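Note that each Cβ is placed from the backbone with ideal geometry, even for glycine, and that neighbours are counted across all protein chains shown. Derivation of every value follows stated rules applied to the coordinates shown; laboratory data play no part.
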2 protein chains.
Amino acid sequence: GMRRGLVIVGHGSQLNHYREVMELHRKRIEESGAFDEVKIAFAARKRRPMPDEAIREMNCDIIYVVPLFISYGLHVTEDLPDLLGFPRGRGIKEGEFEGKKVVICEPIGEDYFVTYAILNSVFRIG
Amino acid sequence: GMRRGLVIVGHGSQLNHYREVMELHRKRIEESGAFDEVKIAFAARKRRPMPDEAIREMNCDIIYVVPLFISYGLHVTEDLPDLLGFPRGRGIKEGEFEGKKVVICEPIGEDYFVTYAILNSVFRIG
């Protein structure tokens with residue numbers, strides 16, 4: 001019967017446009033219907049919600065956690081897994097949090113879609 | 001007769017995987033043939049090359065400068081234009097540097113391709 005959620009995870013920036021860009025993706029994805037619930041969270045102290053707080057609040061059966069990061073920085077290999085009780089390091093990680101299935105995905109930076117975002121900053125199609 | 005170049009501009013991170021991701025995009029784009037010359041540069045003191053140094057070295061007639069940034073941080077609205085002698089703030093900027101036509105493009109963060117990079121971290125197509 002699986003309800004599927006997505007948590008998009010950023011860093012500690014409190015620049016207003018950073019928050020607005022995270023929300024822009026979250027809203028676009030929510031509207032798409034690709035998932036049952038889409039939330040943003042931050043892998044940083046004194047920011048809210050943190051990824052553990054966001055997953056606790058979500059009633060989905062399986063939750064994918066995507067690091068909105070260009071590179072494998074310490075937020076991705078250490079902080080985000082520590083906060084969720086998951087193994088440190090790189091790669092996809094499957095596990096549980098409070099009975100919920102959770103899959104921590106890879107950061108987005110090496111995707112061909114980031115290569116194409118770079119080209120589209122020039123081409124401006126769409 | 002225009003030779004066209006691309007400079008992909010990052011921040012001051014010296015994490016090795018950050019450098020490797022910038023090179024990954026640079027190489028993919030070079031191989032594509034989309035431009036005559038593709039270089040990386042960094043909008044940060046004590047990093048090399050800076051965007052002014054990279055544009056001086058390039059013999060292209062027109063050079064597009066793409067900020068590999070999620071948001072309009074100070075690197076994008078202040079540092080990168082200061083280094084090139086261009087107006088501060090947001091948006092596309094057309095101008096010259098040492099006789100070369102230079103267009104500073106918008107950061108990549110709001111592109112639909114970043115939305116799709118986020119989905120593809122889940123879907124892993126390709």
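Just one of the numbered conditions (1) part of a loop (DSSP other than H, G, I, E, B); (2) facing chain B (nearest Cβ under 10 Å); (3) out of contact with any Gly (no Cβ under 9 Å at 6 or more places or on another chain) is not true of A:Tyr116; which one? Checking A:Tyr116 against (1) part of a loop (DSSP other than H, G, I, E, B); (2) facing chain B (nearest Cβ under 10 Å); (3) out of contact with any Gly (no Cβ under 9 Å at 6 or more places or on another chain), the one that fails is (1). Checked against the criteria, A:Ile55 does not count as within 14 Å of chain B (Cβ to nearest Cβ) and of a type in the set (A, V, I, L, M, F, W, C). Scanning segment B:6-36 for residues that are touching a residue at least 24 places away in the same chain (Cβ under 8 Å) and at the interface with another protein chain (Cβ under 9 Å from one of its Cβ atoms) returns B:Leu6, B:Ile8, B:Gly10, B:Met22, B:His25, B:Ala34, B:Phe35. The combined condition, being within 10 Å of chain B (Cβ to nearest Cβ) and either in contact (Cβ under 8 Å) with a residue 24 or more places away in the chain or polar (S, T, N, Q) (or both), is not fulfilled by A:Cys60. Residues in segment B:50-98 that are hydrophobic (A, V, I, L, M, F, W, C), exposed (fewer than 15 other Cβ atoms within 10 Å of the Cβ) and in a loop (DSSP other than H, G, I, E, B): B:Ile92 alone.
Exactly one residue among B:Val38, B:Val21 is β-branched (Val, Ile, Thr) and out of contact with any strand residue (DSSP E or B) (no Cβ under 8 Å at 6 or more places or on another chain), and that residue is B:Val21. For segment A:99-110, filtering for residues that are crowded, with 23+ Cβ neighbours inside 10 Å and not β-branched (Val, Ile, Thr) leaves 2. For first residues located in segment A:94-113 and within 7 Å of chain B (Cβ to nearest Cβ), partners that are assigned to a strand (DSSP E or B) and lie 6+ apart or on another chain with Cβ distances below 8 Å form the pairs A:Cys105/A:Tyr64; A:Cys105/A:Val65; A:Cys105/A:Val66; A:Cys105/A:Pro67; A:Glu106/A:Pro67; A:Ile108/A:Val66; A:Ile108/A:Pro67.
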